[PDB]
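In: quick one, structure for this:
(2 chains, ligands or ions: 6)
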2 protein chains.
Amino acid sequence: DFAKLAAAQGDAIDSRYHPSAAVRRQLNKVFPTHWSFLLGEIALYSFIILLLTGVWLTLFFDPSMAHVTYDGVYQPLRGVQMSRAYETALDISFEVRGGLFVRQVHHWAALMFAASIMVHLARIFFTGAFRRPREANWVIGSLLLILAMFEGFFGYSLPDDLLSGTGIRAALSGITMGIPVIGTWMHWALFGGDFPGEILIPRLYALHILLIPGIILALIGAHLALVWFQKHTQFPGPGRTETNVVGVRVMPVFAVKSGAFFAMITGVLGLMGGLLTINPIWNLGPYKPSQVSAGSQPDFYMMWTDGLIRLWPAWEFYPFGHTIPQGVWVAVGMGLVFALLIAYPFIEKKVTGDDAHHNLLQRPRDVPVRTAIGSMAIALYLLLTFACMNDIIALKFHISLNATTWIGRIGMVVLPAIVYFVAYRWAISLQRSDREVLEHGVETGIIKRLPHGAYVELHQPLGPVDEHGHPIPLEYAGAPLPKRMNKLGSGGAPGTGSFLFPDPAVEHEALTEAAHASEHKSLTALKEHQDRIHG
Amino acid sequence: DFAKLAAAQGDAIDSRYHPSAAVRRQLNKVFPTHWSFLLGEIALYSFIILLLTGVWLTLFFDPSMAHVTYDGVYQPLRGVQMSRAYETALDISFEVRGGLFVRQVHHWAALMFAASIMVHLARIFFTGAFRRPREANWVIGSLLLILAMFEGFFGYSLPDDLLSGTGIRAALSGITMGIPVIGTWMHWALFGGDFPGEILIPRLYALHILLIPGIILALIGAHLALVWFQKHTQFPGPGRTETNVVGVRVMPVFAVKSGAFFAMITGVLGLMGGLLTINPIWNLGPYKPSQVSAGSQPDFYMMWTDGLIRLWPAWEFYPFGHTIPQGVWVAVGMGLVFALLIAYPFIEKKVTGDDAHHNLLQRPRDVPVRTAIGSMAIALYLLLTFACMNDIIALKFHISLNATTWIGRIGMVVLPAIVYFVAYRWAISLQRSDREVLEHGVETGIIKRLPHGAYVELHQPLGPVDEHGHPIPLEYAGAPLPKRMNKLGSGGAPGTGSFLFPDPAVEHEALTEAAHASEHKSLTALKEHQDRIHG
Ligand SMILES: CC(C)=CCC/C(C)=C/CC/C(C)=C/CC/C(C)=C/CC/C(C)=C/CC/C(C)=C/CC/C(C)=C/CC/C(C)=C/CC/C(C)=C/CC1=C(C)C(=O)c2ccccc2C1=O
Ligand SMILES: CC(C)=CCC/C(C)=C/CC/C(C)=C/CC/C(C)=C/CC/C(C)=C\CC/C(C)=C/CC/C(C)=C/CC/C(C)=C/CC/C(C)=C/CC1=C(C)C(=O)c2ccccc2C1=O
Ligand SMILES: CC(C)=CCC/C(C)=C\CC/C(C)=C/CC/C(C)=C/CC/C(C)=C/CC/C(C)=C/CC/C(C)=C/CC/C(C)=C/CC/C(C)=C\CC1=C(C)C(=O)c2ccccc2C1=O
Ligand SMILES: CCCCCCCC/C=C\CCCCCCCC(=O)OC[C@H](COP(=O)(O)OCCN)OC(=O)CCCCCCCCCCCCCCC
Ligand code: HEM
Ligand code: HEM
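Out: Residues are numbered from 1 along each chain as shown, chains lettered A, B, ... in the order given. Ligands and ions are numbered 1, 2, ... in the order given. Shown next is the protein structure:
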C-alpha cells in the first residue's frame, strides 16, 4: 500500500517537524520558463558531475613529486623517471577499469563548467540581471568564475605532465617571480623553495580537492539561495511586471524539467568522455625542465591569460638595480580584468544613474551601450584566446607565427573597437526592426493591387486596425515581436495522425479543436491577468 | 559616522533583499540556558578548530608511500627509509614554523571532538532528548559520532608511522581480511592489493580531508538545522512547559555567550597543543612491518574497539575447508554496537510504548531503567577502553598482563551488571531524596526543643505551611530541588566593597537592595507566567 505508506510518512514528518508551510512555499515558488535561464543550471550540473567524478579520481590519485620508474603496463613509458602523481594518473588511465573514462568525463565536465559559467555570465550581463537587487549575486558569481578558472588550472596541473608542467612553470613560477616587491617571496612561499619544490603538487591537490571546491560550494550555495529568495528575474511579457513572477511552479513542471535537463547534461558529458579524447597525458611524458612541446597551451578558460602573455609587447622596466619583467604587465592586466568584472554593476550604476529596483530583464538590443561593451569584451577575450592558440593556428592554417602574433597585438586594440561599433549599431537596428514591426505589422507575401500595378507586401497588423487599412501602431513593451507569420496563427495544422499513416478524422478534429481551445484559453488567461494588473 | 553607515547598510540589505522578518525570527529565537546544552557546542567548536588546522596541515602534508631517505633536520632519523607521508609529517613538526604546534592542536582538537561528542551523547541519552521528536536527530548524530571515530582513525593513521601503521595493520587489514564471504575482497579493494599497497595513504588522505569531513559537515548542518527549527528541548521548571522555550534570545545574550564559549574552547585547545605533547611521530619511527612497540594503542575513541579485540576469547570457527578468524567476532560486535546506538530511540519507544511528542527533558534519576542502561553501557565502554590500555596499566600499575586481560574478560559481563544494578538503585534513591525534600523541606542545623531534650533538624519548608509546624507536601514536578539553604536566600550577602577594602555604606545598600529587587522581579515574573499558563 504505497499510498498508505506515503500518507503515514507525511504525517510522521509533519508531526516530528512542521515543514508543511515551508514545503508548500518551495513547491509553489514560480520560476520563469525562459531557456536562457537554464544556462546557470548547466554550470551547476557540470559542477555536480565534477564533484562526483573527482571523488572517484581522488580514490586512485597520489599527489607527489617522489621520483619513480613507471614499471606499469604502458610500454612507451617504461623505466622513465616520473613523479608519483604522473604514475598514478597513468594508473588511473590504464590500470583501473574505467579510470580513463572517469578522468576524461571529469576534464570534460571541467571544460563544460567553465564554458557554461561564461555563457551564464554573458546571459546575465547582456540581460541586465545584475542591477539593483542582484549586484551582490553578480559579485559572488564573478568570484565563482575566477575560482573555477584557477581550480581548472590546478586540476589539469595535478597530474605532473609535460604540458601542464611547462604551463605551470610559465604562468605560476614566472609571473610570480616577476611581481616587483614580493614576487620572489610569493614564489618561495607557494613552492616552498625553487620552482620544482617537492610540495607543489601536494599543495595543489589540497587546494583543488578540498579548499577551492569548498569555497566554490559555499559560494554556489549562496548563489542559489539568493536566486531562490530574490525571486528569479524575467523578461518583459504579457502578464510579467516588476512585482510578479510568471512561469511554472517548482513541483509539477520546473522540478521535472530541471531534473531531466540535469540527466541530459550528464549524458552529453558522458558521451564526450567516451567519444572525445581529453588530455591524453600518456602521450605527454613526465614533466622535465628540459623537455618541451610546440603546443604548450592551457585549457580554454586560461587561454585568454596565456594569450595576454603572448601578445603583450615585451615591455620591461629596470629601476635602480632592479627589474620589472613582462610578467608583471600580465599580472596587472588580470587584476584589472577581474576588478572590472567584479565591479561592473557598480560601475554601470555610477555611469548611468540607475538605482531603481529592477526585476524585468532588458533585451540586449534594448540596452545598446551595454550590449556593445559586452560584445567588445567578448571580442577581446576571443582575440586573446586565439592568440594563445596562435601557435596551432599558424601551424594548421598557414599563417606566419609572427603574423599571428602581430595580428593579435593590433587587433586587441582594433577588433574591440570594430566590434563595439558594429554591436552598438546592430542593437539600434534591431530596435528599429522591432519598431517597424510595431508600426506596420508582420511581413508576408506580395500582392499586386487590382486597379493599378502597385505591389504591397500584405502585412499583418499586431494590434487594432484603424478604420482604413493602416493599423494603429502599438507601444513597445520590452518583449520580442513575432516577425514571421510562421510563429503566429498561420500554417500550423498538419494532419495529426502519425509520420507514416493518418488517424481517424473524428480523432484529428477532436484533437485539433482541443488544442485550439487550450491555446486560446492560455492567451485569454494571460490577457485577463495583464488587464487586471492595471485595469 | 558608524551609526549612519550601519543604518545605510541595513537599508541597503533590506532593499536588495527583504530579510527583516527572518532575521528578527532568528534574533528572537529563545534558547534554554542550561550548561549541559553547551556540550554539543563544544563538539561543534572543536570541529571548527579541526577544519582550520586541517587546512594548514594539508598545505604541508604529502600523502604517499614513495620511499625516501629523510635527509632532513631531525638527526635521530637520518638516512632511514621512510614514506613521503612520514617525511612530510616530520617536516611539519620540525622544518615548518609552528607546524608542530598546529599538528598538536589538530590532534588535541580531534580528541576533544570525540570526547565532547561522547559527552553530548551521554547528555541527550540520559535526559531523553531523542524520543518522539529529535529521534532522527539522534540517528544522524550517531552516524556523526561513527564518522568522527573513523575520521580520527584515518587522521592519526595519515602520517605513516610505526604506531599508527601497526594499528592499521591490526584493524584495517586483519579485521577486513578475516570477514568470511568477502573479507579478502574488501581488503584488496581498500588497499589496492596486499596490505602495504602503494595507495592506502593517498586513499585515506582523500577520505580524511574531503570525503568523510564533507559528510560530517553536511550532517552537522542537518543536525544544527534540526536543533534550530525543532526548538531546543528544556528541563522541567517554573515557567517551562512542553509548548514553550524558556531561556534567552539569540541576539543579546545567547550569541555573545556562545562566541565567548567558542573562544574559551579554542583557548583550551591551544593551551593543550602547546603545553602537552601529542603523537610524537619523530619518536615513533617510520612504519616497517618488522618493527613494533609495546603500547600499540589507538586513540581513546577507537580504544574500545581495540579492547574488544583484546578481550574476546580467541574463538575461531573452521567450516568446510575455510576459516572464520576472531576478527569477525569484533567486527560483528562493532556492527551490533553501532546498530543499537543508532536504533535506541526506536527500541526504547517499542519497549516502553511512549510515542508522545516530548519537549520537556526528564532528569536521569526520573528514568531509572534508562539511566541504568546508560550507566551499564558506559561501564562496558570504560572496561573496553581500559582493556585496550591493559598493557600500560599492567606495566605501571603492577598487575600481571594475563590478570588484566582476564579482569577485562570477566568484567565485561560482570561490571555492566553491577553498574546497572547500582545505577538503577542510585536513581531510585535520588528520587526518594527528592520526595523527602518535597515532603519535609530542606535540612538545616539541629535545635534542642525547650521543654524536653528532643532534637529536631529545624527544616525549612519549600511550600505553604500547614496551620501547625509540618508543611503541606508538594508534588514532584520533574525539576531539581534545593537541598541546601546555602543555595536559597540564606547567608548570601557579603560586604560588596572589594576583596581588600570596603565600599561606602550607601553604595553597598543601594547595590544589595537593587539586587534583591531584581531577584524578586525575576521570581515574580516566572511565577506569574507559570500561573497564566496553568490558569
Ligand atoms: C590572434 C589571431 C586571431 C591571429 C590571426 C590568426 C587567425 C585565426 C587567422 C584566421 C584563420 C583562418 C580563418 C584561415 C583561413 C584562411 C583565411 C584567413 C581566409 C580569409 C578569412 C575570411 C574573412 C573568410 C571569409 C569567410 C569566413 C568567415 C571564413 C572562416 C573560415 C573558418 C576557419 C571558420 C572557423 C573558424 C576556426 C575554427 C578557426 C581556427 C580556430 C581554432 C582555434 C581551431 C582549433 C582546432 C585545431 C587547430 C585542430 O587542429 C583540430 C583538429 C581536430 C579536431 C578539432 C580541431 C580544433 O578545434
Ligand atoms: C554510552 C551510552 C550513554 C549508551 C546508551 C545505551 C546504548 C544506546 C548503547 C548502544 C551500543 C552499546 C552496545 C554500547 C556499550 C559500549 C559502548 C558505549 C560502545 C560505544 C562506545 C562509544 C562510541 C561511545 C560511548 C561514549 C560515552 C558516553 C562515554 C562516557 C563519557 C562521559 C559522559 C564521561 C563523564 C564526563 C566527564 C566529566 C569526564 C572526565 C572524567 C573522566 C576522566 C572519566 C573517565 C574516562 C573516560 C570516560 C574515557 O573515555 C577515557 C579514555 C581514555 C583514557 C582515559 C579515560 C577516562 O579516564
Ligand atoms: C600557529 C597557528 C597556525 C596557530 C593558529 C591555529 C589554527 C590553525 C587555527 C585556530 C586560529 C583561530 C582563527 C582561532 C579563533 C577561532 C574563532 C573564530 C574564535 C571565535 C571566538 C571569539 C574570538 C569570540 C570573541 C568574544 C565575542 C565578542 C563573542 C561574541 C561575537 C562572536 C565572535 C560570535 C560568534 C558566534 C559563533 C560561534 C558562530 C558559529 C557559527 C556556526 C558554525 C554555527 C552557529 C550555531 C551555534 C554556535 C550553536 O551553538 C547552535 C546550537 C543549536 C542549533 C544551532 C546552532 C548554530 O547554528
Ligand atoms: C550495554 C547494554 C547493551 C546495550 C543496551 C541498549 C539496547 C536497548 C536496551 C534494552 C532493550 C531490552 C528492554 C527490555 C525488554 C522488555 C521485554 C518484555 O518482557 O516486554 C515488556 C515490554 C513492556 O510492556 P508493558 O506493557 O509495560 O508490560 C510490563 C510487563 N512487565 O513489552 C513491550 O512492549 C516490548 C516487547 C519487545 C521489546 C523488544 C526490545 C528489543 C528489540 C531488539 C533490539 C536488541 C536488544 C538488545 C538487548 C541488549
Ligand atoms: C569544482 C570544479 C572542478 C574543476 C573545474 C576541476 C578541473 C579538473 C581538471 C580539468 C582536471 C584534469 C583531469 C585530467 O587531466 O584528466 C582535474 C583533475 C583532478 N580533479 Fe578536479 N576539478 C574540479 C573539482 C574537483 C573535485 C571536487 C575533486 C575531488 C572531489 C577533484 C579531483 C581531481 C583529481 C584527483 C584530479 C587528478 C586526476 C588526474 O590527474 O587524472 N576535482 N580537475
Ligand atoms: C572532522 C574531524 C577530524 C578529525 C577527528 C581529525 C583528526 C585527525 C587526527 C587525530 C590527526 C593526527 C594528527 C597528528 O597525528 O599529528 C589528523 C591529521 C590530519 N588531518 Fe584531520 N581530522 C579531522 C578533520 C580534518 C580536516 C577537515 C582536514 C582538512 C581540512 C584534516 C586534515 C588533516 C591532515 C592533512 C592531517 C595530517 C597531519 C599530520 O600527518 O600530522 N583533518 N586528523
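In: give me the number of residues near residue A:18?
Out: 12 (other C-beta atoms under 10 Å in any protein chain shown). In this view, the C-beta of every residue, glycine as well, is placed from N, C-alpha and C.
In: that one should be in a strand, yeah?
Out: No - using DSSP: H, G, I helix; E, B strand; the rest coil, the assignment for residue A:18 is coil, not a strand.
In: so how far is residue B:242 from it?
Out: 15 Å (C-beta to C-beta, to the nearest Å).
In: now residue A:260
Out: From residue A:260 over to residue B:242 (counting by C-beta to C-beta), the distance is 45 Å.
In: cool, residue A:144 as well?
Out: 45 Å.
In: do a quick rundown of the strands in chain A.
Out: Using DSSP state E, the strands of chain A run over A:30-31, A:67-69, A:81-83, A:248-249, A:447-448, A:455-456.
In: so which of those strands gets nearest ligand 6?
Out: strand A:81-83 (19.6 Å; C-beta to the nearest ligand atom).
In: is any part of that closest one close to ligand 5?
Out: No - judged by C-beta under 6 Å from any ligand atom, strand A:81-83 stays clear of ligand 5, getting no closer than 11.2 Å.
In: elements contacting that strand?
Out: strand A:67-69 (3 or more C-beta pairs under 8 Å, 6 or more residues apart in numbering or on different chains; DSSP states H and E).
In: around ligand 5, pick out the residues from the stretch 201-350 of chain A.
Out: Within the stretch 201-350 of chain A, the positions lying close to ligand 5 (C-beta under 6 Å from any ligand atom) are A:208-209, A:213, A:216, A:279.
In: smallest gap between chain A and chain B, at which residue?
Out: residue A:66 (3.2 Å; C-beta to the nearest C-beta).
In: so who does the closest residue to ligand 3 within the stretch 1-150 of chain A touch?
Out: Closest approach between the stretch 1-150 of chain A and ligand 3, counting by C-beta to the nearest ligand atom: residue A:17, at 14.5 Å. By C-beta atoms under 8 Å, 6 or more residues apart in numbering or on different chains, residue A:17 lies in contact with B:133, B:226, B:229-230.
In: among the residues you listed, which one sits closest to chain A?
Out: Nearest member of the contacts of residue A:17 to chain A, counting by C-beta to the nearest C-beta, is residue B:133, at 5.0 Å.
In: number of nearby residues for the closest one?
Out: So residue B:133, with other C-beta under 10 Å, has 18 neighbours.
In: what's the answer for residue A:358, then?
Out: Residue A:358, neighbours per other C-beta under 10 Å, totals 17.
In: then the one 5 residues further on?
Out: Burial of residue A:363 is recorded as 20 neighbouring residues (other C-beta under 10 Å).
In: could you find the closest non-adjacent residue to it?
Out: Nearest non-adjacent residue to residue A:363, counting by C-beta to C-beta, 6 or more residues apart in numbering or on different chains: residue A:478, 6.4 Å away.
In: so who does the one you found touch?
Out: A:235-236, A:360, A:362-363, A:366.
In: what about 10 Å?
Out: Neighbouring residues of residue A:478 by C-beta atoms under 10 Å, 6 or more residues apart in numbering or on different chains: A:235-237, A:240, A:360-363, A:366, A:434.
In: quick one, which of residue A:144 and residue B:242 is more surrounded?
Out: Between residue A:144 and residue B:242, counted using other C-beta under 10 Å, residue A:144 has the larger neighbour count: 22 against 12.
In: from the strands of chain A, which stretch is densest packed?
Out: Ranked by mean neighbour count under mean count of other C-beta atoms under 10 Å in any protein chain shown, the strands of chain A are led by strand A:81-83, which reaches a mean of 21.
In: outside of that strand, which residues touch it?
Out: A:62-70, A:72, A:88-90, A:159-161, A:165, A:196, A:198, A:200-201, A:285-288, B:64, B:66.
In: buried subset of those residues?
Out: When those are checked for burial by 16 or more other C-beta atoms under 10 Å in any protein chain shown, the buried set is A:62-66, A:68, A:70, A:72, A:88-90, A:159-161, A:165, A:196, A:198, A:200-201, A:285-287, B:64, B:66.
In: excluding chain neighbours, what is closest to residue A:250?
Out: Using C-beta to C-beta, 6+ apart, the nearest residue to residue A:250 is residue A:29, at 4.7 Å.
In: could you do residue A:222 as well?
Out: residue A:140 (5.7 Å).
In: same check, this time on residue A:234
Out: The shortest distance from residue A:234 to any non-neighbouring residue, by C-beta to C-beta, 6+ apart, is to residue A:32 (4.1 Å).
In: quick one, what contacts that neighbour?
Out: By C-beta under 10 Å, 6+ apart, the residues touching residue A:32 are A:231-235, A:237, A:240, A:245-248, A:254, A:361.
In: over to residue A:348?
Out: Per C-beta under 10 Å, 6+ apart, neighbours of residue A:348: A:125, A:128, A:130-131, A:135, A:138, A:354, A:367, A:369-370, A:373.
In: which residues in the stretch 101-250 of chain A form helices?
Out: Along the stretch 101-250 of chain A, counting by DSSP state H, counting those that start in this stretch, helices occupy A:135-157, A:162-168, A:175-178, A:183-191, A:200-206, A:212-229.
In: what's the biggest helix in chain A, counting residues?
Out: Ranked by residue count and defined by DSSP state H, the top helix of chain A is helix A:401-440.
In: in that one, what's buried?
Out: A:404-405, A:407-409, A:411-412, A:415-416, A:419-420, A:423-424, A:426-427, A:430, A:434, A:437-440.
In: how about stretch A:312-319?
Out: For stretch A:312-319, by 16+ other C-beta under 10 Å, it's residue A:312.
In: is it anywhere near ligand 1?
Out: No - using C-beta under 6 Å from any ligand atom, stretch A:312-319 never reaches ligand 1; the gap is at least 12.8 Å.
In: and that stretch, how far apart are its ends?
Out: End-to-end span of stretch A:312-319 (C-alpha to C-alpha, to the nearest Å): 20 Å.
In: got it, and stretch A:240-247?
Out: Stretch A:240-247 has its terminal residues 9 Å apart, counting by C-alpha to C-alpha.
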